[PDB]
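For reference, the structure is listed below as structure tokens.
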Amino acid sequence: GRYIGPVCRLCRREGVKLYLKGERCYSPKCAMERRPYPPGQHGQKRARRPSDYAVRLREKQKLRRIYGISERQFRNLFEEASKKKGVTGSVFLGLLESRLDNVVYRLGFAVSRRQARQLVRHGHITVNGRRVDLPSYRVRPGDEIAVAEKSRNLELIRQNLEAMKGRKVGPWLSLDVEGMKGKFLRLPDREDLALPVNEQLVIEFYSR
Amino acid sequence: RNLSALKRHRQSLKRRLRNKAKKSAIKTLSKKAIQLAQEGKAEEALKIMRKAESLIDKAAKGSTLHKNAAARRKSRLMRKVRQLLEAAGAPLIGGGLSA
Amino acid sequence: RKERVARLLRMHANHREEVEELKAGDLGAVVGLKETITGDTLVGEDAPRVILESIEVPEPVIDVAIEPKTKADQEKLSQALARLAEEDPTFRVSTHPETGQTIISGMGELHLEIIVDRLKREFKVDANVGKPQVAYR
Amino acid sequence: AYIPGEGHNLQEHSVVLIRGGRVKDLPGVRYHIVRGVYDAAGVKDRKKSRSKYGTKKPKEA
Amino acid sequence: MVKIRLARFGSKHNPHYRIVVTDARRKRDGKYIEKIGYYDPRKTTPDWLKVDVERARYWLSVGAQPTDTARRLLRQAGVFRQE
Amino acid sequence: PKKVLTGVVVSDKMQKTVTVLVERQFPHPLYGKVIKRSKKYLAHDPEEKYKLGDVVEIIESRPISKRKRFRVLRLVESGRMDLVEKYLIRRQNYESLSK
RNA sequence: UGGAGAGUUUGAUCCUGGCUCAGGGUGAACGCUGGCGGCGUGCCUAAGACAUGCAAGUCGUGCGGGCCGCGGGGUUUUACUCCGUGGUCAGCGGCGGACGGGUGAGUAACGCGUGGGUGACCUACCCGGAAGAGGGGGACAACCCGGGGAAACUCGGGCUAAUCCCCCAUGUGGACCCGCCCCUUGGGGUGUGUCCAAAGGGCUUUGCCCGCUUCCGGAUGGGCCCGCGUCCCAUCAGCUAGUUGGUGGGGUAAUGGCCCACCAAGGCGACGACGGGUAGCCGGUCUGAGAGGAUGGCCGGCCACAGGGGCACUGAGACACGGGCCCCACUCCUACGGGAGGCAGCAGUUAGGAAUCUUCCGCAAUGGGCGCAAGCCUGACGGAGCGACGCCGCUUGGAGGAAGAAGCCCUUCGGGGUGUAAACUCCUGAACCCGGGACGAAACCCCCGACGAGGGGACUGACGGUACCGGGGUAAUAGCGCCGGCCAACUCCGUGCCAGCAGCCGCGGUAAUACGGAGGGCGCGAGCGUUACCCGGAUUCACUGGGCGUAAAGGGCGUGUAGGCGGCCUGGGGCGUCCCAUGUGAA
Ligand SMILES: [Mg+2]
Ligand SMILES: [Mg+2]
Ligand SMILES: [Mg+2]
Ligand SMILES: [Mg+2]
Ligand SMILES: [Mg+2]
Ligand SMILES: [Mg+2]
Ligand SMILES: [Mg+2]
Ligand SMILES: [Mg+2]
Ligand SMILES: [Mg+2]
Ligand SMILES: [Mg+2]
Ligand SMILES: [Mg+2]
Ligand SMILES: [Mg+2]
Ligand SMILES: [Mg+2]
Ligand SMILES: [Mg+2]
Ligand SMILES: [Mg+2]
Ligand SMILES: [Mg+2]
Ligand SMILES: [Mg+2]
Ligand SMILES: [Mg+2]
Ligand SMILES: [Mg+2]
Ligand SMILES: [Mg+2]
Ligand SMILES: [Mg+2]
Ligand SMILES: [Mg+2]
Ligand SMILES: [Mg+2]
Ligand SMILES: [Mg+2]
Ligand SMILES: [Mg+2]
Ligand SMILES: [Mg+2]
Ligand SMILES: [Mg+2]
Ligand SMILES: [Mg+2]
Ligand SMILES: [Mg+2]
Ligand SMILES: [Mg+2]
Ligand SMILES: [Mg+2]
Ligand SMILES: [Mg+2]
Ligand SMILES: [Mg+2]
Ligand SMILES: [Mg+2]
Ligand SMILES: [Mg+2]
Ligand SMILES: [Mg+2]
Ligand SMILES: [Mg+2]
Ligand SMILES: [Mg+2]
Ligand SMILES: [Mg+2]
Ligand SMILES: [Mg+2]
Ligand SMILES: [Mg+2]
Ligand SMILES: [Mg+2]
Ligand SMILES: [Mg+2]
Ligand SMILES: [Mg+2]
Ligand SMILES: [Mg+2]
Ligand SMILES: [Mg+2]
Ligand SMILES: [Mg+2]
Ligand SMILES: [Mg+2]
Ligand SMILES: [Mg+2]
Ligand SMILES: [Mg+2]
Ligand SMILES: [Mg+2]
Ligand SMILES: [Mg+2]
Ligand SMILES: [Mg+2]
Ligand SMILES: [Mg+2]
Ligand SMILES: [Mg+2]
Ligand SMILES: [Mg+2]
Ligand SMILES: [Mg+2]
Ligand SMILES: [Mg+2]
Ligand SMILES: [Mg+2]
Ligand SMILES: [Mg+2]
Ligand SMILES: [Mg+2]
Ligand SMILES: [Mg+2]
Ligand SMILES: [Zn+2]
């Protein structure tokens with residue numbers, strides 16, 4: 001219920017290529033090829049410079065549209081992000097990366113956030129028997145995560161460890177492919193958690 | 001409409017009939033005792049405030065008056081008796097005064 | 001608007017009696033209703049929300065006027081026909097503000113019983129019959 | 001008071017709920033009228049500022 | 001009278017009581033005198049009770065009268081266990 | 001811990017009592033300025049030794065009147081009539097603001 | 001670990017200055033849409049009036065009567081009268097109605113917040129203890145009888161009991177006036193004169209238990225008074241006559257003109273008395289970088305009141321919401337003689353208002369009261385319902401699928417948007433159904449044990465067949481506001497200063513990127529716009545953080561009262577100031 005509809009529409013208005021479909025994104029058919037312009041019948045208009053409100057608005061979209069967590073679901077996350085003691089623009093990224101959408105997706109149990117959100121949402125992916133139908137769970141550091149025992153032999157999970165048959169994901173997590181589980185070890189940093197988002201011009205907009 | 005707690009008025013009037021009948025014997029016998037101290041007869045009022053004293057401290061076992069003021073309704077009596085018995089009063093010992 | 005209403009009761013021959021249940025066919029009296037005036041339908045919880053028939057809206061027009069019997073009755077007809085003209089669904093008159101004779105509209109076309117009898121008997125205002133005025137094109 | 005919208009449905013003995021605000025180019029008006037009250041129904045063919053001018057959903061055909 | 005009872009400081013369907021002492025002429029959520037104990041009935045938390053082993057001797061020495069649950073939940077604390 | 005506060009005698013016109021104001025220093029809670037205010041504390045003088053124009057010490061006690069609470073304990077110094085002028089000239093400056 | 005700015009006077013510019021907007025919040029409301037749970041909240045206006053139901057009663061280890069059951073004698077278990085055991089009715093008496101619940105009308109005040117004082121006080125049921133439980137008498141409700149009254153009920157002649165009252169012996173103890181000693185405000189003992197104690201009941205019959213009186217102490221709850229702070233107005237500048245102070249007396253637990261008689265001219269105030277308007281206060285809440293500003297929604301503490309006002313009794317504690325008396329206004333019944341009276345307790349009705357909700361279930365858990373207990377009442381409370389009132393969380397699918405299908409819009413006619421959007425292969429399947437069933441609950445109660453200490457055993461769920469668990473199983477809701485700048489996002493058609501938009505600048509005069517419609521895009525999402533209020537923006541009351549030659553501003557000038565201050569050096573006080581530990585800033 002966070003957003004239902006055209007999702008590759010947001011890439012053409014966003015600019016830089018976004019990964020939110022999986023098999024369509026990594027293939028050369030992500031609709032960024034041959035259609036660079038933003039949607040609508042205006043599209044390739046004159047090269048008008050976006051305003052300084054509009055640039056940080058599109059930066060709100062490059063922090064918000066990919067993660068999918070909405071705005072009223074997002075101001076509170078920035079609020080305890082500012083309440084934590086440290087660099088808030090670096091703690092906030094891993095703080096959103098402590099949720100069962102992108103912890104499970106960075107573990108690779110899904111091909112996109114719309115498979116991690118839904119397959120966690122039905123209640124399959126469990127935290128040690130305590131099955132969670134709810135991707136808003138804050139993942140503790142060092143949490144081991146496995147799929148359901150009935151979900152170990154589905155027609156979609158077998159296509160959801162296919163690319164990650166032993167993929168060397170970065171040091172903010174670990175995984176066991178032959179045990180079909182993982183372990184989110186510690187919170188990810190700013191740069192080695194490499195996603196196309198800028199840090200500096202975000203707290204400036206959210207403090208206004 | 002009806003309540004069985006109307007009994008408390010029937011203790012209020014039944015005990016007001018006792019307390020109103022007992023409170024007069026303090027200051028009636030006390031002012032009548034302090035008048036005879038001005039008259040000169042001492043042993044009469046000294047016989048009065050033994051019965052009035054009994055009707056103060058013996059009335060101090062119920063709920064009419066038993067406080068510090070229960071001692072002071074007697075203390076003003078035996079206080080105000082003893083001064084005017086010196087100007088040609090000849091203070092003898094009855095029951096009330098201790099000296 | 002959906003609200004809880006019921007407390008279903010009814011009159012006996014001499015007093016009031018209340019029922020816990022009420023079913024189809026039987027009719028009766030109900031308190032707790034807020035604003036649903038007569039001529040309207042109220043349905044259940046998982047109802048098909050059906051509206052009934054016989055919404056009596058005709059369109060009659062009748063030329064008639066009034067004679068308020070005095071020369072200062074304009075304020076009392078203007079004060080009484082405000083609360084009196086709300087029961088009659090036809091109240092479009094458009095009196096030209098030049099003289100007296102506060103015209104009431106015609107709906108039942110013998111509408112003394114809904115205006116003038118409910119103004120003399122109910123509201124205690126004396127009145128008589130009047131005459132309209134032509135208008136040439 | 002000011003009446004907004006494409007016309008209105010009002011009479012002389014009408015109960016008109018008021019909103020407030022101001023009208024800039026009128027010398028005495030500082031009130032607005034919410035269309036949608038039982039004596040001020042909204043204007044038909046209104047589906048862009050539909051909740052602002054107080055009409056229900058335009059039924060398809 | 002001043003005596004020990006359970007003051008419920010808890011949300012809806014999550015009870016938590018306070019083993020606490022003040023006058024009996026207060027309400028359930030009254031202004032107490034001294035916090036000495038807490039209680040969780042749902043048994044989910046293993047640290048569900050802690051009653052002091054000297055201040056309970058102080059209030060019971062100056063004469064507090066525990067109720068049913070203020071008696072059993074201080075009996076589980078173990079004030080009168082000296083043998 | 002009954003407070004023992006120093007006052008000054010400006011008037012003893014009424015018998016068995018003295019009119020004593022107490023000067024005191026406190027900063028303003030918003031602007032922060034140490035300003036000197038005063039408030040008169042009527043005290044009882046049973047010995048009639050504290051004359052007009054003294055600097056006395058003040059201890060609180062059980063009240064005997066409306067608007068009396070304090071009594072005089074000690075005098076620190078005396079004789080400074082100039083401060084008594086520093087009150088009383090304000091007493092004869094109020095008549096110039098009227099109809 | 002903390003601060004945005006812009007639009008706007010002008011041909012154009014700078015400065016000052018006014019207005020508006022972008023943000024957040026509400027006991028909120030209106031319009032549109034609308035699916036599920038969890039947790040908080042729900043008459044702000046008429047403190048206007050209320051039909052009806054319920055919210056404070058309890059005790060047969062206190063006492064005497066009426067009615068039944070069965071315990072029975074000249075029993076036809078009509079047994080009427082011996083007998084007698086448990087319910088029911090009412091009464092004497094004890095405890096609780098001062099606890100709890102609701103409202104802020106009034107109060108600008110020691111009312112409240114903060115810290116103390118009492119040598120000027122109380123504390124019953126709580127606990128630690130020094131003693132006791134021996135005499136006599138009396139009447140009143142209840143029944144015996146009569147009268148009055150339509151009635152509610154009321155008036156007279158006797159009866160006995162109680163833990164009701166009165167009079168005694170006992171007085172370790174306490175109290176009173178004078179004189180004594182360490183402190184001087186009424187606080188501790190000694191001495192004599194006097195006064196004050198009670199109450200019994202139950203069982204297994206003193207083995208014990210429940211109760212009572214004098215007094216000492218410790219907790220707890222209160223009363224009184226003080227230092228500080230406590231809205232605005234000077235177009236409110238004098239106010240006050242028990243008012244200011246003493247003496248003596250009365251009343252309260254206790255100081256106090258709390259009240260009274262005499263004596264005297266006193267008392268307060270430009271540091272804002274008095275008068276008028278407004279307002280319950282605080283911990284808190286919202287906004288703000290901070291200082292500040294607004295406010296007292298829920299919960300907790302205190303104050304005021306129970307239709308307005310006045311008054312007292314009982315009661316340790318009230319000048320007492322469901323206690324008492326009188327006046328005023330209002331409702332109801334009447335056999336038109338007299339009564340019941342007060343939902344600002346819960347639910348509900350009506351007036352007013354845009355706005356505010358169930359005459360829902362239950363003592364299952366706590367708590368309050370009674371009883372030794374068994375148990376009783378609890379509209380306090382424990383829970384559901386109603387209303388997206390606010391927040392939180394979730395669903396209205398997912399992977400592939402074309403140089404662009406059909407429908408719709410624009411085009412300079414190639415094409416472009418809708419757009420992976422749709423249908424299709426596969427999967428999970430919210431809803432839906434079947435079965436199971438909870439923490440919240442072990443205590444009160446008995447047994448062993450030395451009636452304590454300790455161990456063991458037994459009963460109980462409104463929520464609720466609900467949250468939840470094991471399966472089977474259907475892809476299955478979406479709208480709102482804006483698109484000239486502030487501020488995110490534009491093409492066509494019609495309208496030609498008309499219809500209209502509008503927070504400001506201001507547009508619409510045949511190409512309107514400002515109106516209405518179609519499409520597209522933008523922001524939010526079961527929510528979105530609008531209104532009213534508050535803060536910030538606003539340094540636009542500037543203490544941090546402003547000026548006074550020309551934007552608003554130096555009194556026309558001087559003396560001078562109060563006040564604010566104030567040259568150099570030395571010494572003291574440690575009042576202001578700083579530092580350390582503690583009480584406290586509750587929850
Ligand atoms: Mg779709
Ligand atoms: Mg009774
Ligand atoms: Mg026990
Ligand atoms: Mg045990
Ligand atoms: Mg100019
Ligand atoms: Mg109110
Ligand atoms: Mg009931
Ligand atoms: Mg009997
Ligand atoms: Mg009975
Ligand atoms: Mg009462
Ligand atoms: Mg309240
Ligand atoms: Mg006033
Ligand atoms: Mg005892
Ligand atoms: Mg004993
Ligand atoms: Mg005898
Ligand atoms: Mg008879
Ligand atoms: Mg003795
Ligand atoms: Mg003895
Ligand atoms: Mg003695
Ligand atoms: Mg003694
Ligand atoms: Mg002697
Ligand atoms: Mg003697
Ligand atoms: Mg006793
Ligand atoms: Mg003060
Ligand atoms: Mg006075
Ligand atoms: Mg009293
Ligand atoms: Mg008020
Ligand atoms: Mg404040
Ligand atoms: Mg009161
Ligand atoms: Mg009153
Ligand atoms: Mg009323
Ligand atoms: Mg009363
Ligand atoms: Mg009350
Ligand atoms: Mg009500
Ligand atoms: Mg019920
Ligand atoms: Mg129970
Ligand atoms: Mg109970
Ligand atoms: Mg409740
Ligand atoms: Mg609810
Ligand atoms: Mg799709
Ligand atoms: Mg399939
Ligand atoms: Mg299937
Ligand atoms: Mg029981
Ligand atoms: Mg046994
Ligand atoms: Mg035990
Ligand atoms: Mg046990
Ligand atoms: Mg049941
Ligand atoms: Mg059940
Ligand atoms: Mg399918
Ligand atoms: Mg713009
Ligand atoms: Mg606009
Ligand atoms: Mg500010
Ligand atoms: Mg400011
Ligand atoms: Mg300026
Ligand atoms: Mg000029
Ligand atoms: Mg000027
Ligand atoms: Mg000077
Ligand atoms: Mg100086
Ligand atoms: Mg100097
Ligand atoms: Mg020095
Ligand atoms: Mg100091
Ligand atoms: Mg605190
Ligand atoms: Zn894509």
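By order in the structure tokens, chains are A, B, ...; within a chain, residues start at 1; ligands start at 1, following the order shown.
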Please check which protein, DNA or RNA residues sit within 10 Å of ligand 8, counting only C-alpha atoms (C1' of nucleotides) and all ligand atoms, and write them as a ChimeraX atom specification. /G:60,64-65,85-87
**Request:** For range 70-86 of chain F, list every protein, DNA or RNA residue within 6 Å, evaluated using only C-alpha atoms (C1' of nucleotides), and leave out those in the same chain fewer than 5 positions away; present the list as JSON, numbers by chain.
**Result:** {"F": [10, 43, 44, 53, 54, 55, 56, 57, 58, 59, 60, 61]}
- Exercise answer, 10 Å around ligand 38 with only C-alpha atoms (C1' of nucleotides) and all ligand atoms, as an NGL selection string: :G and (346 or 379-383)
Saved selection, atoms kept: N, CA and C atoms (P, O5', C5', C4', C3', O3' and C1' of nucleotides), as a PDB file, in the first residue's frame:
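The new file out.pdb reads:
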ATOM      1  P     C G 346     -20.865  11.373  34.939  1.00  0.00           P
ATOM      2  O5'   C G 346     -21.169   9.900  34.425  1.00  0.00           O
ATOM      3  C5'   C G 346     -20.244   8.845  34.643  1.00  0.00           C
ATOM      4  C4'   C G 346     -20.839   7.529  34.227  1.00  0.00           C
ATOM      5  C3'   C G 346     -21.686   7.583  32.966  1.00  0.00           C
ATOM      6  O3'   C G 346     -20.919   7.534  31.778  1.00  0.00           O
ATOM      7  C1'   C G 346     -22.868   6.426  34.655  1.00  0.00           C
ATOM      8  P     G G 379     -20.492  -0.616  38.980  1.00  0.00           P
ATOM      9  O5'   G G 379     -20.517   0.607  37.963  1.00  0.00           O
ATOM     10  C5'   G G 379     -19.372   1.432  37.786  1.00  0.00           C
ATOM     11  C4'   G G 379     -19.719   2.708  37.063  1.00  0.00           C
ATOM     12  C3'   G G 379     -20.195   3.853  37.953  1.00  0.00           C
ATOM     13  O3'   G G 379     -19.792   5.094  37.375  1.00  0.00           O
ATOM     14  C1'   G G 379     -21.904   3.283  36.431  1.00  0.00           C
ATOM     15  P     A G 380     -19.067   6.213  38.272  1.00  0.00           P
ATOM     16  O5'   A G 380     -17.870   5.435  38.979  1.00  0.00           O
ATOM     17  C5'   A G 380     -16.680   5.121  38.268  1.00  0.00           C
ATOM     18  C4'   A G 380     -15.490   5.071  39.191  1.00  0.00           C
ATOM     19  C3'   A G 380     -14.209   4.497  38.603  1.00  0.00           C
ATOM     20  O3'   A G 380     -13.478   5.450  37.848  1.00  0.00           O
ATOM     21  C1'   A G 380     -14.600   3.566  40.749  1.00  0.00           C
ATOM     22  P     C G 381     -12.818   5.061  36.434  1.00  0.00           P
ATOM     23  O5'   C G 381     -12.464   3.512  36.562  1.00  0.00           O
ATOM     24  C5'   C G 381     -11.201   3.073  37.047  1.00  0.00           C
ATOM     25  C4'   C G 381     -11.252   1.620  37.448  1.00  0.00           C
ATOM     26  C3'   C G 381     -11.120   0.619  36.312  1.00  0.00           C
ATOM     27  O3'   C G 381      -9.773   0.398  35.934  1.00  0.00           O
ATOM     28  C1'   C G 381     -12.940   0.005  37.699  1.00  0.00           C
ATOM     29  P     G G 382      -9.380   0.256  34.383  1.00  0.00           P
ATOM     30  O5'   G G 382      -9.655  -1.277  34.062  1.00  0.00           O
ATOM     31  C5'   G G 382      -9.102  -2.303  34.873  1.00  0.00           C
ATOM     32  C4'   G G 382      -9.806  -3.614  34.644  1.00  0.00           C
ATOM     33  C3'   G G 382      -9.990  -4.007  33.188  1.00  0.00           C
ATOM     34  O3'   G G 382      -8.837  -4.634  32.654  1.00  0.00           O
ATOM     35  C1'   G G 382     -12.030  -4.296  34.359  1.00  0.00           C
ATOM     36  P     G G 383      -8.420  -4.384  31.127  1.00  0.00           P
ATOM     37  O5'   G G 383      -9.598  -5.061  30.297  1.00  0.00           O
ATOM     38  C5'   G G 383     -10.210  -4.373  29.219  1.00  0.00           C
ATOM     39  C4'   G G 383     -11.391  -5.131  28.676  1.00  0.00           C
ATOM     40  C3'   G G 383     -11.919  -4.648  27.336  1.00  0.00           C
ATOM     41  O3'   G G 383     -11.167  -5.154  26.247  1.00  0.00           O
ATOM     42  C1'   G G 383     -13.723  -4.953  28.832  1.00  0.00           C
TER      43        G G 383
END
**Study point:** All residues 10 Å or closer to residue 41 in chain E, only C-alpha atoms (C1' of nucleotides), same chain fewer than 5 positions away omitted, as a VMD selection string
**Key:** (chain E and resid 14 to 17 48 to 49) or (chain G and resid 365 439 to 441)
Output for the residues just chosen: N, CA, C and O atoms (P, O5', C5', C4', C3', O3' and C1' of nucleotides) as a PDB file, in the first residue's frame:
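Generated file (again.pdb):
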ATOM      1  N   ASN E  14      -2.347  -4.952  29.200  1.00  0.00           N
ATOM      2  CA  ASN E  14      -0.965  -5.185  29.616  1.00  0.00           C
ATOM      3  C   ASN E  14      -0.830  -4.692  31.050  1.00  0.00           C
ATOM      4  O   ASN E  14      -0.361  -3.573  31.294  1.00  0.00           O
ATOM      5  N   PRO E  15      -1.244  -5.499  32.028  1.00  0.00           N
ATOM      6  CA  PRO E  15      -1.283  -5.013  33.408  1.00  0.00           C
ATOM      7  C   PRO E  15       0.104  -4.921  34.021  1.00  0.00           C
ATOM      8  O   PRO E  15       0.988  -5.738  33.753  1.00  0.00           O
ATOM      9  N   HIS E  16       0.286  -3.893  34.843  1.00  0.00           N
ATOM     10  CA  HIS E  16       1.463  -3.790  35.692  1.00  0.00           C
ATOM     11  C   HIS E  16       1.043  -3.113  36.984  1.00  0.00           C
ATOM     12  O   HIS E  16       0.429  -2.042  36.952  1.00  0.00           O
ATOM     13  N   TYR E  17       1.374  -3.731  38.109  1.00  0.00           N
ATOM     14  CA  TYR E  17       0.982  -3.222  39.412  1.00  0.00           C
ATOM     15  C   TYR E  17       2.200  -2.710  40.164  1.00  0.00           C
ATOM     16  O   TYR E  17       3.339  -3.077  39.864  1.00  0.00           O
ATOM     17  N   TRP E  48      10.212  -9.864  37.246  1.00  0.00           N
ATOM     18  CA  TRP E  48       8.837  -9.410  37.411  1.00  0.00           C
ATOM     19  C   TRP E  48       8.552  -8.816  38.785  1.00  0.00           C
ATOM     20  O   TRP E  48       7.480  -8.231  38.971  1.00  0.00           O
ATOM     21  N   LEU E  49       9.473  -8.929  39.740  1.00  0.00           N
ATOM     22  CA  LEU E  49       9.224  -8.402  41.073  1.00  0.00           C
ATOM     23  C   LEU E  49      10.542  -8.096  41.769  1.00  0.00           C
ATOM     24  O   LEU E  49      11.537  -8.803  41.587  1.00  0.00           O
TER      25      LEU E  49
ATOM     26  P     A G 365     -11.237 -12.318  40.888  1.00  0.00           P
ATOM     27  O5'   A G 365     -10.188 -11.601  39.926  1.00  0.00           O
ATOM     28  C5'   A G 365      -8.809 -11.930  39.996  1.00  0.00           C
ATOM     29  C4'   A G 365      -7.938 -10.719  39.774  1.00  0.00           C
ATOM     30  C3'   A G 365      -8.066  -9.600  40.796  1.00  0.00           C
ATOM     31  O3'   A G 365      -7.333  -9.829  41.987  1.00  0.00           O
ATOM     32  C1'   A G 365      -8.191  -8.683  38.640  1.00  0.00           C
ATOM     33  P     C G 439      -5.334 -18.529  31.216  1.00  0.00           P
ATOM     34  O5'   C G 439      -4.025 -17.664  31.481  1.00  0.00           O
ATOM     35  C5'   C G 439      -2.754 -18.287  31.583  1.00  0.00           C
ATOM     36  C4'   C G 439      -1.643 -17.332  31.235  1.00  0.00           C
ATOM     37  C3'   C G 439      -1.548 -16.089  32.101  1.00  0.00           C
ATOM     38  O3'   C G 439      -0.911 -16.325  33.343  1.00  0.00           O
ATOM     39  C1'   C G 439      -1.367 -15.475  29.825  1.00  0.00           C
ATOM     40  P     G G 440      -1.746 -16.207  34.710  1.00  0.00           P
ATOM     41  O5'   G G 440      -2.563 -14.846  34.556  1.00  0.00           O
ATOM     42  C5'   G G 440      -1.939 -13.599  34.822  1.00  0.00           C
ATOM     43  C4'   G G 440      -2.767 -12.432  34.344  1.00  0.00           C
ATOM     44  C3'   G G 440      -4.040 -12.143  35.118  1.00  0.00           C
ATOM     45  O3'   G G 440      -3.805 -11.476  36.345  1.00  0.00           O
ATOM     46  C1'   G G 440      -4.475 -12.010  32.800  1.00  0.00           C
ATOM     47  P     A G 441      -4.728 -11.798  37.620  1.00  0.00           P
ATOM     48  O5'   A G 441      -4.418 -13.326  37.950  1.00  0.00           O
ATOM     49  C5'   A G 441      -3.391 -13.689  38.869  1.00  0.00           C
ATOM     50  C4'   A G 441      -3.493 -15.138  39.290  1.00  0.00           C
ATOM     51  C3'   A G 441      -3.048 -16.162  38.245  1.00  0.00           C
ATOM     52  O3'   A G 441      -2.469 -17.289  38.902  1.00  0.00           O
ATOM     53  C1'   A G 441      -5.321 -16.524  38.787  1.00  0.00           C
TER      54        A G 441
END
Practice item. Would you mind writing down, as a ChimeraX atom specification, each residue of range 10-57 of chain E that DSSP on the backbone assigns to strand (DSSP E or B)? Key: /E:11,14,17-23,34-35,39,49
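Selecting all polymer residues at most 9 Å from ligand 27, using only C-alpha atoms (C1' of nucleotides) and all ligand atoms, gives residues 104, 105, 106, 107, 278, 279 and 280 of chain G.
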Exercise. Could you jot down the CA of residue 37 in chain A to CA of residue 12 in chain A separation for me, Å, one decimal place?
Key: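 Atom-to-atom, CA of residue 37 in chain A to CA of residue 12 in chain A, that is 5.8 Å.
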Between F:20, F:25, F:39, F:52, smallest distance to ligand 24 by only C-alpha atoms and all ligand atoms belongs to F:39
Kindly provide, as a list in words, all nucleotide and amino acid residues lying within 10 Å of ligand 35, counting only C-alpha atoms (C1' of nucleotides) and all ligand atoms.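 Taking only C-alpha atoms (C1' of nucleotides) and all ligand atoms into account, the residues around ligand 35 at most 10 Å away are residues 54, 360, 361, 362 and 379 of chain G.
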Residues as selected, N, CA and C atoms (P, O5', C5', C4', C3', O3' and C1' of nucleotides), written as a PDB file, in the first residue's frame, can you do that?
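Generated file (out.pdb):
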ATOM      1  P     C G  54     -33.343   0.991  39.661  1.00  0.00           P
ATOM      2  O5'   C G  54     -31.761   1.042  39.841  1.00  0.00           O
ATOM      3  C5'   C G  54     -30.978  -0.133  39.701  1.00  0.00           C
ATOM      4  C4'   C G  54     -29.588   0.173  39.201  1.00  0.00           C
ATOM      5  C3'   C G  54     -28.658   0.888  40.169  1.00  0.00           C
ATOM      6  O3'   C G  54     -28.099   0.062  41.175  1.00  0.00           O
ATOM      7  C1'   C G  54     -28.524   1.936  38.067  1.00  0.00           C
ATOM      8  P     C G 360     -27.520   0.359  29.726  1.00  0.00           P
ATOM      9  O5'   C G 360     -26.616  -0.408  28.660  1.00  0.00           O
ATOM     10  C5'   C G 360     -27.207  -1.182  27.625  1.00  0.00           C
ATOM     11  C4'   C G 360     -26.319  -2.331  27.212  1.00  0.00           C
ATOM     12  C3'   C G 360     -25.717  -3.148  28.345  1.00  0.00           C
ATOM     13  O3'   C G 360     -26.608  -4.118  28.870  1.00  0.00           O
ATOM     14  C1'   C G 360     -24.031  -2.627  26.766  1.00  0.00           C
ATOM     15  P     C G 361     -26.471  -4.610  30.395  1.00  0.00           P
ATOM     16  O5'   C G 361     -25.185  -5.553  30.403  1.00  0.00           O
ATOM     17  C5'   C G 361     -25.216  -6.849  29.820  1.00  0.00           C
ATOM     18  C4'   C G 361     -23.951  -7.618  30.115  1.00  0.00           C
ATOM     19  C3'   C G 361     -23.559  -7.710  31.582  1.00  0.00           C
ATOM     20  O3'   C G 361     -24.254  -8.728  32.280  1.00  0.00           O
ATOM     21  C1'   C G 361     -21.667  -7.098  30.297  1.00  0.00           C
ATOM     22  P     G G 362     -24.603  -8.549  33.839  1.00  0.00           P
ATOM     23  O5'   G G 362     -23.199  -8.709  34.576  1.00  0.00           O
ATOM     24  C5'   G G 362     -22.529  -9.961  34.610  1.00  0.00           C
ATOM     25  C4'   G G 362     -21.157  -9.839  35.222  1.00  0.00           C
ATOM     26  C3'   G G 362     -21.091  -9.166  36.582  1.00  0.00           C
ATOM     27  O3'   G G 362     -21.436 -10.038  37.644  1.00  0.00           O
ATOM     28  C1'   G G 362     -19.403  -8.285  35.185  1.00  0.00           C
ATOM     29  P     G G 379     -20.492  -0.616  38.980  1.00  0.00           P
ATOM     30  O5'   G G 379     -20.517   0.607  37.963  1.00  0.00           O
ATOM     31  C5'   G G 379     -19.372   1.432  37.786  1.00  0.00           C
ATOM     32  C4'   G G 379     -19.719   2.708  37.063  1.00  0.00           C
ATOM     33  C3'   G G 379     -20.195   3.853  37.953  1.00  0.00           C
ATOM     34  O3'   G G 379     -19.792   5.094  37.375  1.00  0.00           O
ATOM     35  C1'   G G 379     -21.904   3.283  36.431  1.00  0.00           C
TER      36        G G 379
END
